[PDB]
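S.K.: The structure is given below, and queries will be raised subsequently.
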Amino acid sequence: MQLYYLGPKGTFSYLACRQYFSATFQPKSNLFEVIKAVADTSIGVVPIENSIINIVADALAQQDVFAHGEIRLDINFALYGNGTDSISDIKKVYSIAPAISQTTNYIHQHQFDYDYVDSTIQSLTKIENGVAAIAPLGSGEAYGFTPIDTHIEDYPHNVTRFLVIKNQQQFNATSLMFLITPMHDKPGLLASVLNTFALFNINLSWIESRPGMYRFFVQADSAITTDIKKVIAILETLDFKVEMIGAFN
Amino acid sequence: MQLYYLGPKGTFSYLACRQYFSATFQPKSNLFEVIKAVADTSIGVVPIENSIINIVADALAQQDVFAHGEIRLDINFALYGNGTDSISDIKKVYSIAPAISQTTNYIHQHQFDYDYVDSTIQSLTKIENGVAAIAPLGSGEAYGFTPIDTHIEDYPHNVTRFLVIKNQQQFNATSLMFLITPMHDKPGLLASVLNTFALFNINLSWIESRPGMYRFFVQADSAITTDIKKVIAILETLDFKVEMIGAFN
Amino acid sequence: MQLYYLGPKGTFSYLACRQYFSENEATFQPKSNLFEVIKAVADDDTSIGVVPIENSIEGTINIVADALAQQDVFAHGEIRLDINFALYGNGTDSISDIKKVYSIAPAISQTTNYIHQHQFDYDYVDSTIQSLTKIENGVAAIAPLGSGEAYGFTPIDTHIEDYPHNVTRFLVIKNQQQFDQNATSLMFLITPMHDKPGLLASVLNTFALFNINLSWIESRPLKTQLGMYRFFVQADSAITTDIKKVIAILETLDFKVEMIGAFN
Amino acid sequence: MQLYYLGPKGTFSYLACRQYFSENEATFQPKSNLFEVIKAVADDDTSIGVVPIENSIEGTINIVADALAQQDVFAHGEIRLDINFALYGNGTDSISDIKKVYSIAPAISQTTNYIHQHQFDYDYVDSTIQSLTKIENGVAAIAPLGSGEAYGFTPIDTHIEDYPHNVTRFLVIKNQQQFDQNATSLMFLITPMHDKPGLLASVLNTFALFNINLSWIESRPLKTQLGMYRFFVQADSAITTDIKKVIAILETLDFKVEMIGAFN
Ligand code: NA
Ligand code: NA
């Protein structure tokens with residue numbers, strides 16, 4: 001049971017693999033390579049919402065891969081030092097760009113100097129007297145480093161969402177993921193779609209547009225119900241191609 | 001007139017700077033750094049739709065930066081060789097991961113071996129006898145390289161969209177960009193919004209959700225009109241915070 | 001205090017007045033037609049009137065809806081009347097004896113399956129008391145259930161209506177515009193200023209947004225211009241912030257909105 | 001061929017029949033009430049009937065709407081009649097001479113500002129010919145414009161209605177259900193199977209989706225159950241693919257849909 005995910009050890013992907021469903025781990029260098037692998041009858045963990053995905057949504061649409069589960073990662077950044085450098089000894093920090101913005105206020109509270117690095121790995125490289133790396137919690141410790149502080153990010157409940165993927169359309173599910181594709185351009189296509197679910201009061205937890213026409217990624221809090229089959233009928237009558245790409249709990 | 005954008009010379013950002021509004025160029029290492037700079041009373045070019053942006057949408061929301069123009073880049077990949085290696089001499093190619101997926105069929109038509117590289121710069125490094133780099137057209141030539149072929153991507157009209165940004169809320173505009181933020185959670189908030197514009201038949205060219213609540217990025221094909229002021233009134237009555245973040249032609 | 005309604009005695013209006021009011025807290029004042037009823041309420045400051053508003057079986061509610069639109073009169077309550085009928089005869093006859101019935105037109109129309117099942121011959125009369133005067137051996141009157149006993153007659157048969165849940169809704173009306181004020185249903189007049197496609201949907205979509213039920217929706221033509229309409233709507237809500245929201249939205253959409261009623 | 005309508009001669013129905021038909025392609029058959037009209041059309045296979053459907057000023061359209069719902073009768077066309085009135089007198093009198101008018105109730109209600117401006121005293125009569133019989137020195141009849149000249153009288157004054165664009169819409173009805181077939185407006189009966197909030201909006205929202213205008217929307221109560229309704233809708237469209245789409249959607253939403261009319 002090969003579990004393909006974005007590596008190396010210590011990424012968000014790996015953290016969510018581990019911290020959630022604690023199973024032979026197979027790290028991949030980026031996501032194209034993890035989707036390919038999954039699409040051998042194996043498993044994959046891979047982000048969809050707000051990561052630090054075109055590719056993912058896209059393979060989901062190709063029917064190369066299907067979503068059987070969800071995992072929501074508590075985004076969290078730590079500060080890693082050289083071993084009892086105390087926080088007040090940190091002169092300078094090193095982190096990738098998206099993480100500097102996640103933690104820009106922390107940098108400021110403390111008036112750290114800072115600059116950028118291609119990797120969290122490279123962040124760890126820079127650690128020395130008066131130098132700390134901002135990286136995800138649970139991640140510096142893969143390579144023997146101990147946080148100076150933790151929950152470092154400016155905003156309190158930032159979350160990334162991860163899908164469990166397979167090459168198996170094998171979906172008692174109580175959340176459903178749909179690709180809804182317009183067969184022609186007209187005004188208000190997204191509106192059509194949202195309104196059809198809202199007829200039936202089917203709450204949509206997540207919705208996404210992707211290509212100047214767009215197709216639609218929607219996720220609904222509800223089981224396979226007769227109401228769901230109705231909105232499907234209506235959408236098809238409205239000219240939407242409808243394929244279910246996820247079903248889970 | 002410092003023009004801040006994502007570098008180095010030969011990125012999509014730079015290409016759109018150049019090919020569109022052909023002006024003192026100031027390349028930046030990534031986008032956080034270009035938004036900061038813009039937010040000195042200067043200019044910025046920066047992508048919003050489908051790039052190969054959390055950060056961008058986010059600064060637009062902070063009112064740190066405002067959009068005064070649009071540029072749509074014809075995505076396009078070329079094949080760069082060592083100088084009359086003909087296409088049939090290419091054994092292997094090197095490119096970043098998102099570009100391999102853009103061109104996966106081209107790789108296959110020709111049965112190239114392939115692997116990944118951190119950069120287009122690094123792609124160019126690998127060029128030798130029997131080795132070619134897949135990179136954006138107009139980009140290998142910044143560093144003296146000539147395409148083996150061009151329009152290499154699998155799908156024909158992929159496009160990225162770029163905003164012209166400023167630290168100036170100084171908006172005769174005929175496209176309008178709004179941040180619409182819900183003051184509370186209830187079902188169908190996005191629906192509310194789309195339906196209000198559709199009352200007035202105001203076509204929305206682009207719409208985006210971002211944070212488990214969401215705020216909304218919408219762009220409307222219409223001027224500052226009395227109808228637009230109406231939908232604004234309605235949205236405020238519905239409890240949406242409304243700020244205009246873009247206005248252009 | 002005056003209670004105007006459509007007479008003569010034994011109409012459905014009259015019955016609604018009996019069901020819903022004491023004779024010893026109102027003086028009953030029958031009028032000849034609905035125009036007169038509304039006119040009397042309009043001019044008598046210590047009056048109410050009871051007037052059909054939904055599912056009349058005789059005569060149009062438009063005249064009532066127009067009085068309300070022009071604010072000649074105001075709605076201060078509603079009452080629902082079951083529309084049921086009986087067969088009234090000579091005290092002797094059984095149903096097997098009846099050869100012929102006489103009835104007002106509205107009553108025939110509601111009891112036609114009845115009339116047919118029984119193969120009665122029939123003819124029309126101008127009023128229920130008229131009906132009653134045709135009674136003799138083998139002749140019956142079809143009348144509002146309980147109207148024959150207002151004149152000293154007895155049914156041969158009752159509950160003879162063809163449908164069981166036919167209900168006419170009446171308004172209790174007054175010439176004063178000041179309403180109960182823990183009101184739990186609201187009536188609005190809503191008038192578009194310009195012609196636009198989908199005006200009614202607009203209105204209904206707005207109330208749905210705040211999940212507020214409409215128990216009644218009526219339209220009437222402007223009459224001052226071809227093609228234009230106004231809307232009558234009754235909402236199950238007290239006057240709340242949600243309600244002020246829909247009015248604001250409707251006004252932004254260029255409808256004028258006015259409360260024409262409020263009660264329980 | 002029979003043309004049933006509400007009499008006697010000189011009603012608005014009668015006038016609509018004159019405006020819209022030859023006497024020499026129909027035999028005119030007045031009936032006493034709308035129930036009789038609909039009943040005659042229902043039983044006469046070579047018949048039409050002309051019957052009010054929108055903006056009646058006298059008497060309810062519900063009976064017509066119910067006949068249509070039960071498919072006793074079918075709509076094969078519509079005609080619009082201007083509702084206008086004249087003052088009819090003794091050939092001698094001028095308006096300055098008139099002390100008193102007599103009129104049917106519906107006519108008083110539409111000419112009341114008129115009556116008031118001129119300070120006529122008035123009273124009611126049961127029909128326009130009755131009106132006409134009250135005429136003498138200082139006494140006039142208010143009647144449908146062109147109905148006095150059906151009996152040999154002349155107006156003292158015309159176009160005396162208080163509003164200029166009051167229009168009653170009539171249906172041309174038949175007991176056969178087979179329609180014109182380059183039809184450009186469609187009438188549907190649409191009935192929900194279950195009670196749900198926002199049923200009417202559902203229907204209207206569905207037609208809007210395909211940008212199809214509704215020129216008329218009416219509701220009627222089920223009557224077999226409390227609380228339930230059916231919907232009458234007239235759509236400006238021929239029978240197209242868009243139309244088949246809305247019906248499919250409506251049926252998916254658990255309405256039954258049936259064509260009750262189709263014409264131009
Ligand atoms: Na009953
Ligand atoms: Na007129």
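As shown in the structure tokens, the chain order sets the letters A, B, ...; within each chain, residues go from 1, and ligands are also counted from 1 in the order they appear.
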Within 12 Å of chain C, which residues of chain A are there when counting only C-alpha atoms? Please give them as a list in words.

M.R.: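 Written out as asked, the residues are residues 195, 198, 199 and 201 of chain A.
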
S.K.: Output the contact residues of chain B with respect to chain A at a cut-off of 7 Å, based on only C-alpha atoms, as a PyMOL selection string.

M.R.: chain B and resi 32+97+187-188+191+194-195+198+203

S.K.: Please produce a file of those selected residues containing C-alpha atoms, as a compact mmCIF listing (two decimals), in the first residue's frame.

M.R.:
# COMPACT_ATOMS: atom_id res chain seq x y z
CA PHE B 32 5.96 39.41 -2.04
CA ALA B 97 7.21 20.55 -13.52
CA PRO B 187 -25.98 29.59 3.17
CA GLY B 188 -25.55 30.90 -0.38
CA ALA B 191 -25.13 33.06 -4.83
CA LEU B 194 -23.81 36.64 -8.49
CA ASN B 195 -27.62 37.07 -8.46
CA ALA B 198 -27.36 39.23 -12.89
CA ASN B 203 -21.51 40.19 -16.93

S.K.: What's around residue 17 (chain D) at 12 Å? Count only C-alpha atoms, leave out sequence neighbours fewer than 6 positions away in its own chain, and write the answer as a PyMOL selection string.

M.R.: chain D and resi 2-7+9-11+23+25-30+48-52+78-81+170-172

S.K.: Please determine, counting only C-alpha atoms, which residue among C:237, C:176, C:92, C:205 has the shortest atom-to-atom distance to chain D.

M.R.: C:205

S.K.: How would you write, as an MDAnalysis selection string, the set of residues no farther than 7 Å from ligand 2 when counting only C-alpha atoms and all ligand atoms?

M.R.: chainID D and resid 82:84 163:167

S.K.: Go ahead and save the picked residues with N, CA and C atoms, as a short mmCIF file (atom, residue, chain, number, x, y, z; two decimals), in the first residue's frame.

M.R.:
data_model
loop_
_atom_site.label_atom_id
_atom_site.label_comp_id
_atom_site.auth_asym_id
_atom_site.auth_seq_id
_atom_site.Cartn_x
_atom_site.Cartn_y
_atom_site.Cartn_z
N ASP D 82 -61.28 47.38 -24.26
CA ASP D 82 -61.32 48.64 -23.49
C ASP D 82 -62.56 48.77 -22.58
N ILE D 83 -62.37 49.09 -21.31
CA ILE D 83 -63.51 49.28 -20.50
C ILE D 83 -63.75 50.82 -20.39
N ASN D 84 -64.76 51.34 -21.11
CA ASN D 84 -65.08 52.76 -21.29
C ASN D 84 -66.60 52.80 -21.14
N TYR D 163 -60.62 55.99 -15.42
CA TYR D 163 -59.25 55.68 -15.82
C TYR D 163 -59.21 55.40 -17.31
N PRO D 164 -58.08 55.75 -17.95
CA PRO D 164 -58.09 55.59 -19.43
C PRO D 164 -57.63 54.28 -19.94
N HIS D 165 -56.91 53.52 -19.13
CA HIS D 165 -56.42 52.25 -19.68
C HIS D 165 -56.92 51.05 -18.91
N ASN D 166 -58.22 51.01 -18.68
CA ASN D 166 -58.77 49.82 -17.99
C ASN D 166 -59.14 48.83 -19.09
N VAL D 167 -58.62 47.60 -19.03
CA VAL D 167 -58.77 46.63 -20.13
C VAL D 167 -59.15 45.27 -19.48
#

S.K.: Provide as a ChimeraX atom specification the residues of chain D at most 10 Å from chain C, counting only C-alpha atoms.

M.R.: /D:32-36,39,54-63,105-106,108-110,112,124,162-167,197-198,200-205,207-208,211-227

S.K.: Could you tell me, as a PyMOL selection string, which residues of region 41-249 of chain A DSSP assigns to alpha helix (DSSP H) when given the backbone?

M.R.: chain A and resi 54-61+97-102+104-109+120-126+189-199+226-237

S.K.: Quick check, in Å to one decimal: how far apart do CA of residue 1 (chain D) and CA of residue 149 (chain D) lie?

M.R.: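 Computing it gives 26.1 Å between the two atoms.
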
S.K.: Between CA of residue 99 (chain B) and CA of residue 35 (chain A), measure the distance and give it in Å to one decimal.

M.R.: 15.1 Å
